[PDB]
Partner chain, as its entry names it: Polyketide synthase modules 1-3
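Starting off, we have a lone chain in the form solved without its partner chain, written out as structure tokens.
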């Protein structure tokens, strides 16, 4: 059966988890030089000093790391991937990986989208945050959402990851409460992310992103097909990859559709390229495929 290259969503991490990998690995070093030129700054140095978990600098560095690990894994393990897919942030990585964007343009886009989101969320949708959690069966989830409904609290399911694994976007006045409620029913809160992602309510952000960051870029046809993360559709053109990146703002990630599409495409093995402890480990993926988890730790 076929091998697919997969790019994870971006979780929070410390510079400390990857710094040594970044400056020592041959593949990261080449992409960093290209990144620094594009950006006009030393990414490693800015990332080291950065605030929070999702700075512009941490996002570009995650880009660098995932694409580096994909190349490293192909070469060192003689993978000849036939198809690829990215989840959430990983759409940006797969855009680079598939050559739908030059690596420089992918860095430009990633930086631009980071700044665009930062500016948007500093004057719009104030207080919105995205929560990731596991061991939350959907019926238990639905109970929590029905309690939010009773109090008129806005929310959207931003990611469907597994049967019991989701990301929920809502107002931060409900964050601590949600964490408690999840723990009440045996679920496990993982992390709270800002900027938030994937929500019908983010149409004005999609527009701004389109105008300021994405419209100016030249997309190229991918060198291999790309399975969209909104719905599992197989994509073969630059335009489709562009559309995917913009749809990402307003449609949820549906990882089960990505996995079942890949099964339908005759995939039996996947490599998950990047610092990840979610996408390479979740049952949705492992129940379907043999997984290679190409992490900084494996590469070292």
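Positions refer to the first chain, counted from 1.
Although it is not shown, the form deposited with its partner chain bound is what the next lines describe.
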Since only the chain is shown here, I'm wondering whether residue 219 would be in contact with its partner chain in the deposited complex (any heavy atom pair within 4.5 Å). no
Would residue 204 count as touching its partner chain in the deposited complex under a 4.5 Å heavy atom rule? no
Report whether the minimum heavy atom distance between residue 186 and its partner chain in the deposited complex is within 4.5 Å. yes
Is residue 16 part of the interface with its partner chain in the deposited complex - any heavy atom within 4.5 Å? no
If we take heavy atoms and a 4.5 Å cut-off, which stretch out of 129-137, 194-202, 94-102, 113-121 is in contact with its partner chain in the deposited complex? 129-137
Counting any non-hydrogen atom inside 4.5 Å, which residue from 157, 141, 190, 148 sits next to its partner chain in the deposited complex? 190
Within 4.5 Å of its partner chain in the deposited complex: all of 165, 278 and 281, by heavy atom? yes
